[PDB]
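Below is model37.txt, holding compact mmCIF, N, CA and C atoms.
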```
# COMPACT_ATOMS: atom_id res chain seq x y z
N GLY A 1 81.04 90.93 119.75
CA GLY A 1 80.45 90.72 121.06
C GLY A 1 81.03 89.52 121.78
N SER A 2 80.91 89.52 123.10
CA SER A 2 81.44 88.42 123.91
C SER A 2 80.77 87.10 123.54
N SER A 3 79.44 87.13 123.43
CA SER A 3 78.68 85.94 123.09
C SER A 3 79.01 85.47 121.67
N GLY A 4 79.16 84.16 121.51
CA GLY A 4 79.48 83.60 120.21
C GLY A 4 78.83 82.25 119.98
N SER A 5 78.61 81.90 118.72
CA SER A 5 77.98 80.64 118.37
C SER A 5 78.70 79.47 119.04
N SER A 6 80.02 79.40 118.84
CA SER A 6 80.82 78.34 119.43
C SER A 6 80.35 76.97 118.95
N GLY A 7 80.01 76.89 117.66
CA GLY A 7 79.54 75.63 117.10
C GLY A 7 80.64 74.59 117.02
N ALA A 8 80.34 73.48 116.36
CA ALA A 8 81.31 72.40 116.21
C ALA A 8 82.00 72.46 114.85
N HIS A 9 82.96 73.37 114.71
CA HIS A 9 83.69 73.53 113.46
C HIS A 9 85.14 73.91 113.73
N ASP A 10 86.03 73.51 112.82
CA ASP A 10 87.45 73.81 112.96
C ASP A 10 88.04 74.26 111.63
N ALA A 11 88.29 75.56 111.51
CA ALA A 11 88.86 76.12 110.28
C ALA A 11 90.25 75.55 110.01
N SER A 12 90.94 75.15 111.08
CA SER A 12 92.28 74.59 110.95
C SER A 12 92.27 73.35 110.07
N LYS A 13 91.09 72.76 109.91
CA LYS A 13 90.94 71.56 109.08
C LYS A 13 90.66 71.93 107.63
N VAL A 14 90.83 73.20 107.30
CA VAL A 14 90.59 73.68 105.95
C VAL A 14 91.90 73.81 105.17
N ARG A 15 91.98 73.12 104.05
CA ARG A 15 93.18 73.15 103.21
C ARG A 15 92.98 74.09 102.02
N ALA A 16 93.99 74.92 101.76
CA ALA A 16 93.93 75.86 100.65
C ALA A 16 94.99 75.54 99.60
N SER A 17 94.54 75.16 98.40
CA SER A 17 95.46 74.83 97.32
C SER A 17 94.87 75.24 95.97
N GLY A 18 95.74 75.66 95.06
CA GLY A 18 95.29 76.07 93.74
C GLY A 18 96.05 77.28 93.23
N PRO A 19 95.70 77.73 92.01
CA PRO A 19 96.34 78.88 91.38
C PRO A 19 95.97 80.19 92.07
N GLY A 20 94.69 80.34 92.41
CA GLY A 20 94.23 81.55 93.07
C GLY A 20 94.97 81.81 94.37
N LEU A 21 95.42 80.74 95.02
CA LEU A 21 96.14 80.86 96.28
C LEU A 21 97.64 80.65 96.08
N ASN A 22 98.13 81.05 94.91
CA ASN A 22 99.55 80.90 94.59
C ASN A 22 100.39 81.91 95.37
N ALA A 23 101.30 81.40 96.20
CA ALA A 23 102.17 82.25 97.00
C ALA A 23 103.31 82.82 96.15
N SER A 24 103.59 82.16 95.03
CA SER A 24 104.66 82.59 94.14
C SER A 24 104.23 83.80 93.32
N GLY A 25 102.92 84.02 93.25
CA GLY A 25 102.39 85.14 92.50
C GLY A 25 101.52 84.70 91.34
N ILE A 26 100.34 85.31 91.22
CA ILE A 26 99.42 84.97 90.15
C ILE A 26 99.34 86.09 89.11
N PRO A 27 99.11 85.71 87.85
CA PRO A 27 99.01 86.66 86.74
C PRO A 27 97.75 87.52 86.83
N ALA A 28 97.93 88.81 87.09
CA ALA A 28 96.80 89.73 87.19
C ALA A 28 96.06 89.84 85.87
N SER A 29 94.86 90.40 85.92
CA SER A 29 94.04 90.56 84.72
C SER A 29 93.67 89.20 84.13
N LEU A 30 93.45 88.23 85.00
CA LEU A 30 93.10 86.88 84.56
C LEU A 30 92.22 86.19 85.60
N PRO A 31 91.19 85.48 85.13
CA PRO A 31 90.26 84.76 86.00
C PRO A 31 90.91 83.54 86.66
N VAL A 32 91.19 83.66 87.95
CA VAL A 32 91.82 82.58 88.70
C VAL A 32 90.86 82.02 89.76
N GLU A 33 90.94 80.71 89.98
CA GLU A 33 90.09 80.06 90.97
C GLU A 33 90.85 78.98 91.73
N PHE A 34 90.70 78.97 93.04
CA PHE A 34 91.38 77.99 93.89
C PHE A 34 90.41 76.91 94.36
N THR A 35 90.89 76.02 95.22
CA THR A 35 90.07 74.94 95.74
C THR A 35 90.31 74.74 97.24
N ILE A 36 89.23 74.81 98.01
CA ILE A 36 89.32 74.65 99.46
C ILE A 36 88.88 73.25 99.88
N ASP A 37 89.84 72.34 100.00
CA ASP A 37 89.54 70.97 100.39
C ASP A 37 89.39 70.86 101.91
N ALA A 38 88.14 70.87 102.37
CA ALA A 38 87.85 70.78 103.79
C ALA A 38 86.84 69.67 104.08
N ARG A 39 87.26 68.67 104.84
CA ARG A 39 86.39 67.55 105.18
C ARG A 39 85.71 67.78 106.53
N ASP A 40 86.52 67.97 107.57
CA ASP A 40 86.00 68.21 108.91
C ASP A 40 86.08 69.69 109.27
N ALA A 41 85.89 70.55 108.28
CA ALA A 41 85.94 71.99 108.49
C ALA A 41 84.80 72.45 109.40
N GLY A 42 83.84 71.56 109.63
CA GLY A 42 82.71 71.89 110.49
C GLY A 42 81.40 71.92 109.73
N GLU A 43 80.29 71.93 110.46
CA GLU A 43 78.97 71.95 109.85
C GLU A 43 78.46 73.38 109.73
N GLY A 44 79.25 74.24 109.09
CA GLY A 44 78.85 75.63 108.92
C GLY A 44 78.87 76.06 107.47
N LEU A 45 79.15 77.34 107.24
CA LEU A 45 79.19 77.88 105.88
C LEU A 45 80.51 78.59 105.62
N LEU A 46 81.16 78.24 104.52
CA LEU A 46 82.44 78.85 104.15
C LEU A 46 82.23 80.23 103.55
N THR A 47 83.16 81.14 103.83
CA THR A 47 83.08 82.50 103.32
C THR A 47 84.43 82.97 102.78
N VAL A 48 84.40 83.67 101.65
CA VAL A 48 85.62 84.18 101.04
C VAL A 48 85.49 85.65 100.69
N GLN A 49 86.55 86.42 100.96
CA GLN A 49 86.55 87.85 100.67
C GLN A 49 87.91 88.30 100.15
N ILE A 50 87.90 89.09 99.08
CA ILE A 50 89.13 89.59 98.49
C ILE A 50 89.14 91.11 98.44
N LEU A 51 90.22 91.71 98.91
CA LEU A 51 90.36 93.16 98.92
C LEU A 51 91.52 93.60 98.04
N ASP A 52 91.20 94.29 96.94
CA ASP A 52 92.22 94.77 96.02
C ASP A 52 93.43 95.31 96.78
N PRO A 53 94.56 95.45 96.07
CA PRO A 53 95.80 95.96 96.65
C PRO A 53 95.72 97.44 97.00
N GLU A 54 94.53 98.01 96.86
CA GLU A 54 94.32 99.42 97.16
C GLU A 54 93.57 99.59 98.48
N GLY A 55 92.71 98.63 98.79
CA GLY A 55 91.94 98.69 100.02
C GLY A 55 90.44 98.77 99.76
N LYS A 56 89.98 98.05 98.74
CA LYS A 56 88.56 98.05 98.39
C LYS A 56 88.05 96.62 98.23
N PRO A 57 86.74 96.43 98.47
CA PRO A 57 86.10 95.12 98.35
C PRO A 57 86.00 94.65 96.90
N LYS A 58 86.32 93.38 96.68
CA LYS A 58 86.27 92.80 95.34
C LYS A 58 85.10 91.83 95.21
N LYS A 59 85.00 91.18 94.05
CA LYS A 59 83.92 90.23 93.80
C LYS A 59 84.47 88.81 93.69
N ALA A 60 84.02 87.93 94.58
CA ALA A 60 84.47 86.55 94.57
C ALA A 60 83.28 85.59 94.47
N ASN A 61 83.52 84.42 93.88
CA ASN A 61 82.47 83.42 93.71
C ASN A 61 82.83 82.13 94.44
N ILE A 62 81.83 81.50 95.05
CA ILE A 62 82.05 80.26 95.78
C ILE A 62 81.13 79.15 95.26
N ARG A 63 81.66 77.94 95.17
CA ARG A 63 80.88 76.80 94.69
C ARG A 63 80.96 75.64 95.68
N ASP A 64 79.91 74.83 95.71
CA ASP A 64 79.85 73.69 96.61
C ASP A 64 80.09 72.38 95.85
N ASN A 65 81.12 71.65 96.25
CA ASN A 65 81.46 70.39 95.61
C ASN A 65 80.71 69.23 96.25
N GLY A 66 80.60 69.27 97.58
CA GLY A 66 79.90 68.21 98.30
C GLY A 66 80.81 67.04 98.63
N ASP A 67 81.93 66.94 97.92
CA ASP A 67 82.88 65.86 98.15
C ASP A 67 83.86 66.22 99.26
N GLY A 68 83.43 67.10 100.16
CA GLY A 68 84.28 67.52 101.26
C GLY A 68 85.25 68.61 100.86
N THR A 69 84.91 69.35 99.81
CA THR A 69 85.76 70.43 99.33
C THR A 69 84.93 71.57 98.75
N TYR A 70 85.61 72.61 98.29
CA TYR A 70 84.93 73.77 97.71
C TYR A 70 85.80 74.43 96.65
N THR A 71 85.17 75.25 95.81
CA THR A 71 85.89 75.95 94.74
C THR A 71 85.51 77.42 94.70
N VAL A 72 86.50 78.28 94.49
CA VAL A 72 86.27 79.72 94.43
C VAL A 72 87.00 80.34 93.24
N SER A 73 86.32 81.26 92.56
CA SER A 73 86.90 81.92 91.40
C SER A 73 86.81 83.44 91.54
N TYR A 74 87.81 84.14 91.01
CA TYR A 74 87.85 85.59 91.09
C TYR A 74 88.76 86.17 90.00
N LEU A 75 88.56 87.44 89.69
CA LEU A 75 89.36 88.11 88.67
C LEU A 75 90.01 89.37 89.23
N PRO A 76 91.28 89.25 89.64
CA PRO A 76 92.04 90.37 90.20
C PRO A 76 92.38 91.42 89.15
N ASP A 77 91.41 92.29 88.86
CA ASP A 77 91.61 93.35 87.87
C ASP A 77 92.92 94.09 88.12
N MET A 78 93.08 94.60 89.34
CA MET A 78 94.29 95.33 89.70
C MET A 78 95.43 94.37 90.02
N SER A 79 96.63 94.92 90.21
CA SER A 79 97.80 94.11 90.52
C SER A 79 98.41 94.52 91.85
N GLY A 80 99.06 93.57 92.52
CA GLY A 80 99.68 93.86 93.80
C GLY A 80 99.36 92.80 94.85
N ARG A 81 99.51 93.16 96.12
CA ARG A 81 99.24 92.24 97.21
C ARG A 81 97.75 92.23 97.56
N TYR A 82 97.08 91.14 97.23
CA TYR A 82 95.66 91.00 97.51
C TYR A 82 95.42 90.37 98.88
N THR A 83 94.42 90.87 99.59
CA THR A 83 94.09 90.35 100.91
C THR A 83 92.87 89.44 100.86
N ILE A 84 93.10 88.14 100.87
CA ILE A 84 92.02 87.16 100.83
C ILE A 84 91.68 86.65 102.22
N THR A 85 90.51 87.02 102.72
CA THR A 85 90.07 86.59 104.05
C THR A 85 89.08 85.44 103.95
N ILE A 86 89.47 84.28 104.47
CA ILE A 86 88.61 83.11 104.45
C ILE A 86 88.19 82.70 105.86
N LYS A 87 86.88 82.71 106.10
CA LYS A 87 86.35 82.34 107.41
C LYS A 87 85.35 81.20 107.29
N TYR A 88 85.33 80.32 108.29
CA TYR A 88 84.42 79.18 108.29
C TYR A 88 83.42 79.29 109.44
N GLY A 89 82.13 79.30 109.09
CA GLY A 89 81.10 79.40 110.11
C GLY A 89 81.45 80.38 111.21
N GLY A 90 82.29 81.36 110.88
CA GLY A 90 82.69 82.35 111.86
C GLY A 90 84.02 82.02 112.50
N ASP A 91 84.92 81.44 111.73
CA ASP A 91 86.24 81.07 112.23
C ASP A 91 87.30 81.23 111.15
N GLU A 92 88.12 82.27 111.28
CA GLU A 92 89.18 82.54 110.31
C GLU A 92 90.25 81.46 110.35
N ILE A 93 90.50 80.83 109.21
CA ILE A 93 91.50 79.78 109.12
C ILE A 93 92.87 80.27 109.58
N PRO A 94 93.71 79.34 110.05
CA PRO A 94 95.05 79.66 110.53
C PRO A 94 95.99 80.07 109.40
N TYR A 95 95.45 80.14 108.19
CA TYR A 95 96.24 80.52 107.02
C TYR A 95 95.93 81.95 106.60
N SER A 96 94.74 82.43 106.96
CA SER A 96 94.33 83.78 106.62
C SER A 96 94.84 84.79 107.65
N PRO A 97 95.02 86.04 107.21
CA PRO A 97 94.76 86.44 105.83
C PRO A 97 95.77 85.85 104.85
N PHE A 98 95.29 85.50 103.66
CA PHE A 98 96.15 84.92 102.63
C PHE A 98 96.85 86.01 101.82
N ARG A 99 98.14 86.19 102.06
CA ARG A 99 98.92 87.20 101.35
C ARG A 99 99.29 86.72 99.95
N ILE A 100 98.52 87.17 98.96
CA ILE A 100 98.77 86.78 97.58
C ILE A 100 99.28 87.97 96.76
N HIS A 101 100.17 87.69 95.81
CA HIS A 101 100.73 88.73 94.96
C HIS A 101 100.28 88.55 93.51
N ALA A 102 99.91 89.66 92.87
CA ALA A 102 99.45 89.62 91.49
C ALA A 102 100.44 90.33 90.57
N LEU A 103 101.04 89.58 89.65
CA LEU A 103 102.01 90.13 88.71
C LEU A 103 101.33 90.50 87.39
N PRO A 104 101.72 91.66 86.83
CA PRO A 104 101.16 92.14 85.57
C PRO A 104 101.62 91.31 84.38
N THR A 105 100.66 90.70 83.68
CA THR A 105 100.96 89.87 82.52
C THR A 105 100.80 90.66 81.23
N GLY A 106 101.12 91.95 81.28
CA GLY A 106 101.01 92.79 80.10
C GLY A 106 99.71 92.55 79.34
N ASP A 107 99.82 91.93 78.17
CA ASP A 107 98.65 91.65 77.35
C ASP A 107 97.92 90.41 77.86
N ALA A 108 96.60 90.53 78.02
CA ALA A 108 95.79 89.42 78.50
C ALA A 108 94.50 89.30 77.70
N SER A 109 94.32 88.16 77.04
CA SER A 109 93.13 87.92 76.23
C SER A 109 92.00 87.33 77.08
N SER A 110 90.78 87.39 76.55
CA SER A 110 89.62 86.86 77.26
C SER A 110 89.63 87.31 78.72
N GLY A 111 89.86 88.60 78.94
CA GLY A 111 89.89 89.13 80.29
C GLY A 111 89.35 90.54 80.37
N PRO A 112 89.72 91.26 81.44
CA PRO A 112 89.27 92.64 81.65
C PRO A 112 89.89 93.62 80.66
N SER A 113 89.04 94.26 79.86
CA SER A 113 89.51 95.22 78.87
C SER A 113 88.78 96.55 79.01
N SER A 114 89.54 97.61 79.26
CA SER A 114 88.96 98.94 79.42
C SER A 114 89.40 99.86 78.29
N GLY A 115 88.45 100.59 77.73
CA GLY A 115 88.76 101.51 76.64
C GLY A 115 87.75 102.63 76.52
```

When written as structure tokens, how does the structure in this file appear?
Amino acid sequence: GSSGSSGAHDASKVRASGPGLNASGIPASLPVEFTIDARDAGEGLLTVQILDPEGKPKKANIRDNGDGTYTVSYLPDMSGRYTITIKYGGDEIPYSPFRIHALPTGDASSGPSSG
């Protein structure tokens, strides 16, 4: 809709760093978690969404650090290009969508096992 909150927040002030946000490629079938260091990201609520390389909604977890940052963990069961959409109080960061690649690590312990 035309009408919008237009609060006092800036997603551009959100920094994305960690293994989960590895541009070089992360090992699929393994629990990975990144860290969103945002100080002046605004007085809103951070949101994270991951869509498998097939086009389906995944399960992601978000934690509050309080030290001006945040932490998120997820387990990319499937492999390929994952679409991670990060929005702040209704403002998609200038980095999203985050194009991440998941490489198959063949055998993976303490992870997703189907039989």

Between A:35, A:29, A:85, A:73, single out the one closest to residue 49 of chain A, counting only N, CA and C atoms.
A:85

Tell me which protein, DNA and RNA residues are within 8 Å of residue 91 of chain A, counting only N, CA and C atoms, leaving out same-chain ones fewer than 4 positions away, and put them as a VMD selection string.
chain A and resid 9 to 12 86 to 87

Which is closest to residue 100 of chain A among A:78, A:21, A:50, A:28, if we use only C-alpha atoms?
A:21

Picked from chain A by DSSP as strand (DSSP E or B), as a PyMOL selection string:
chain A and resi 14-17+26-27+32-38+46-51+57+60-64+70-74+80-88+92+98-103

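Reported to one decimal place, the separation of atom C of residue 3 of chain A from atom C of residue 97 of chain A is 23.7 Å.
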
List the neighbours of residue 53 of chain A out to 8 Å using all atoms listed in the file; skip same-chain residues closer than 5 positions along the sequence, and give me the result as number ranges by chain.
A: 78-83

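Comparing the minimum interatomic distances between residue 55 of chain A and each of A:84, A:74, A:112, A:68, counting only C-alpha atoms, we find that A:84 sits nearest.
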
As a count of residues only, please: the residues near residue 5 of chain A (cut-off 12 Å, only C-alpha atoms, same-chain neighbours under 6 positions excluded).
4

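What separates atom C of residue 8 of chain A from atom N of residue 92 of chain A is a distance of 12.1 Å.
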
Point out the residue among A:27, A:57, A:7, A:76 with the least atom-to-atom distance to residue 42 of chain A, counting all atoms listed in the file.
A:7

Pick out the residues sitting within 8 Å of residue 33 of chain A, and hand them over as a ChimeraX atom specification; count only N, CA and C atoms, and ignore anything fewer than 6 positions along from it in its own chain.
/A:17-21,71-75

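Shortest separation to residue 108 of chain A among A:62, A:93, A:30, A:48 occurs at residue A:30, atoms counted being only N, CA and C atoms.
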
So how far away is atom N of residue 88 of chain A from atom C of residue 51 of chain A, in Å?
17.9 Å

Mind filling out segment 33-49 of chain A with N, CA, C and O atoms and sending it as a PDB file, in the frame of the given file?
```pdb
ATOM      1  N   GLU A  33      90.940  80.710  89.980  1.00  0.00           N
ATOM      2  CA  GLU A  33      90.090  80.060  90.970  1.00  0.00           C
ATOM      3  C   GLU A  33      90.850  78.980  91.730  1.00  0.00           C
ATOM      4  O   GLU A  33      91.576  78.183  91.129  1.00  0.00           O
ATOM      5  N   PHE A  34      90.700  78.970  93.040  1.00  0.00           N
ATOM      6  CA  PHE A  34      91.380  77.990  93.890  1.00  0.00           C
ATOM      7  C   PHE A  34      90.410  76.910  94.360  1.00  0.00           C
ATOM      8  O   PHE A  34      89.242  76.885  93.955  1.00  0.00           O
ATOM      9  N   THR A  35      90.890  76.020  95.220  1.00  0.00           N
ATOM     10  CA  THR A  35      90.070  74.940  95.740  1.00  0.00           C
ATOM     11  C   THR A  35      90.310  74.740  97.240  1.00  0.00           C
ATOM     12  O   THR A  35      91.440  74.538  97.674  1.00  0.00           O
ATOM     13  N   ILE A  36      89.230  74.810  98.010  1.00  0.00           N
ATOM     14  CA  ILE A  36      89.320  74.650  99.460  1.00  0.00           C
ATOM     15  C   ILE A  36      88.880  73.250  99.880  1.00  0.00           C
ATOM     16  O   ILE A  36      87.690  73.003 100.092  1.00  0.00           O
ATOM     17  N   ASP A  37      89.840  72.340 100.000  1.00  0.00           N
ATOM     18  CA  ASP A  37      89.540  70.970 100.390  1.00  0.00           C
ATOM     19  C   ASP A  37      89.390  70.860 101.910  1.00  0.00           C
ATOM     20  O   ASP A  37      90.370  70.771 102.641  1.00  0.00           O
ATOM     21  N   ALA A  38      88.140  70.870 102.370  1.00  0.00           N
ATOM     22  CA  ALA A  38      87.850  70.780 103.790  1.00  0.00           C
ATOM     23  C   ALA A  38      86.840  69.670 104.080  1.00  0.00           C
ATOM     24  O   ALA A  38      85.699  69.727 103.614  1.00  0.00           O
ATOM     25  N   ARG A  39      87.260  68.670 104.840  1.00  0.00           N
ATOM     26  CA  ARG A  39      86.390  67.550 105.180  1.00  0.00           C
ATOM     27  C   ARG A  39      85.710  67.780 106.530  1.00  0.00           C
ATOM     28  O   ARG A  39      84.486  67.785 106.624  1.00  0.00           O
ATOM     29  N   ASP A  40      86.520  67.970 107.570  1.00  0.00           N
ATOM     30  CA  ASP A  40      86.000  68.210 108.910  1.00  0.00           C
ATOM     31  C   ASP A  40      86.080  69.690 109.270  1.00  0.00           C
ATOM     32  O   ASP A  40      86.304  70.039 110.430  1.00  0.00           O
ATOM     33  N   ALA A  41      85.890  70.550 108.280  1.00  0.00           N
ATOM     34  CA  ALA A  41      85.940  71.990 108.490  1.00  0.00           C
ATOM     35  C   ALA A  41      84.800  72.450 109.400  1.00  0.00           C
ATOM     36  O   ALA A  41      84.798  73.578 109.884  1.00  0.00           O
ATOM     37  N   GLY A  42      83.840  71.560 109.630  1.00  0.00           N
ATOM     38  CA  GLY A  42      82.710  71.890 110.490  1.00  0.00           C
ATOM     39  C   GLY A  42      81.400  71.920 109.730  1.00  0.00           C
ATOM     40  O   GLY A  42      81.392  71.931 108.495  1.00  0.00           O
ATOM     41  N   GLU A  43      80.290  71.930 110.460  1.00  0.00           N
ATOM     42  CA  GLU A  43      78.970  71.950 109.850  1.00  0.00           C
ATOM     43  C   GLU A  43      78.460  73.380 109.730  1.00  0.00           C
ATOM     44  O   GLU A  43      77.364  73.703 110.197  1.00  0.00           O
ATOM     45  N   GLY A  44      79.250  74.240 109.090  1.00  0.00           N
ATOM     46  CA  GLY A  44      78.850  75.630 108.920  1.00  0.00           C
ATOM     47  C   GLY A  44      78.870  76.060 107.470  1.00  0.00           C
ATOM     48  O   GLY A  44      78.633  75.255 106.570  1.00  0.00           O
ATOM     49  N   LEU A  45      79.150  77.340 107.240  1.00  0.00           N
ATOM     50  CA  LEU A  45      79.190  77.880 105.880  1.00  0.00           C
ATOM     51  C   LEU A  45      80.510  78.590 105.620  1.00  0.00           C
ATOM     52  O   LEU A  45      80.939  79.443 106.408  1.00  0.00           O
ATOM     53  N   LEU A  46      81.160  78.240 104.520  1.00  0.00           N
ATOM     54  CA  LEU A  46      82.440  78.850 104.150  1.00  0.00           C
ATOM     55  C   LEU A  46      82.230  80.230 103.550  1.00  0.00           C
ATOM     56  O   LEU A  46      81.246  80.480 102.854  1.00  0.00           O
ATOM     57  N   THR A  47      83.160  81.140 103.830  1.00  0.00           N
ATOM     58  CA  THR A  47      83.080  82.500 103.320  1.00  0.00           C
ATOM     59  C   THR A  47      84.430  82.970 102.780  1.00  0.00           C
ATOM     60  O   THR A  47      85.474  82.696 103.373  1.00  0.00           O
ATOM     61  N   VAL A  48      84.400  83.670 101.650  1.00  0.00           N
ATOM     62  CA  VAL A  48      85.620  84.180 101.040  1.00  0.00           C
ATOM     63  C   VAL A  48      85.490  85.650 100.690  1.00  0.00           C
ATOM     64  O   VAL A  48      84.457  86.093 100.183  1.00  0.00           O
ATOM     65  N   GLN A  49      86.550  86.420 100.960  1.00  0.00           N
ATOM     66  CA  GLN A  49      86.550  87.850 100.670  1.00  0.00           C
ATOM     67  C   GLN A  49      87.910  88.300 100.150  1.00  0.00           C
ATOM     68  O   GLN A  49      88.947  87.933 100.706  1.00  0.00           O
TER      69      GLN A  49
END
```
